[PDB]
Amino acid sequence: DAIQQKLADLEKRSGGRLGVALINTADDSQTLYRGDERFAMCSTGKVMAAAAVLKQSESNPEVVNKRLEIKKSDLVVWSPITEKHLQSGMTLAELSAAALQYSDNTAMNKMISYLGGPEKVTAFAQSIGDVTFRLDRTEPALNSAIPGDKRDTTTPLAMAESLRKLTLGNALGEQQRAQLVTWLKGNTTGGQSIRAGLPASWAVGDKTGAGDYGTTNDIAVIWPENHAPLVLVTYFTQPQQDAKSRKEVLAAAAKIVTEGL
């Protein structure tokens, strides 16, 4: 296709490795590029953690409003929300919101710890039929994004299929599904990534991720005004450890794959 060639050309120009999975829920068609190759998820992994917490909340009434203490020693880099709540503490819902909307790293760690560790997030992914996702480490260690390292990786297609199940399908109960969508729609960090490549009439809920090796990621659910939803994952990584983020690559990739409507 011209789409396959244009993505290959975007990839070559950018000096990295690009991974794309678009799922069109109108007809279930997929548009894939390196769709079955592993990429470091970085903070896009926060979506799976939040969904695991939401799932536990379906049967356990001491989850979403359970208050957790935030110790000064808990704080890691990129924690703009949790760093302001040392005295107040935060609920698991508030931590989930902070992780998703502000990419708060300490919030993610608290969620991982509450669930029982990184393996428990993998276990949640397994429970929804995602046999690819793996979470191995905590924040910020999981952002190393070393080429060839399988730690804290998934494939663009696996992540798209899972994001679909979680936001549009049957992985969560209606109340929880709706909550996750609301959180994603309120993301504060996604303006220059997938959303930048899409029409203004398409509503977006997304989660970005950034890591070492110039790793620049975004996953989105997309709601057109007059068409059925789309699910889009754009992953990008580079050969040099110190490479700068390239959000414009994700916007350009989103544009290529959605251009035909």
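Each residue number is its position in the shown sequence, starting from 1.
- As recorded in the PDB entry, 55 to 63 is the stretch of 55 to 63 and 229 to 237 with the greater mean C-alpha temperature factor.
- Checked against the record, the higher mean CA B factor of 144 to 152 and 72 to 80 lies with 72 to 80.
- Out of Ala49, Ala200, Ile219, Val204, the entry records its largest CA B-factor for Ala200.
- In this PDB entry, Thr44 carries a Cα temperature factor that places it within the middle third of its chain's modelled residues.
- Ranked within its chain, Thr132 lands in the lowest third, by CA B factor from the PDB record.
- The PDB entry assigns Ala21 a C-alpha temperature factor belonging to the middle third of its chain's modelled residues.
- The deposited CA B-factor of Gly117 belongs to the middle third of values across its chain.
- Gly190: CA B factor lies in the highest third for its chain, per the PDB record.
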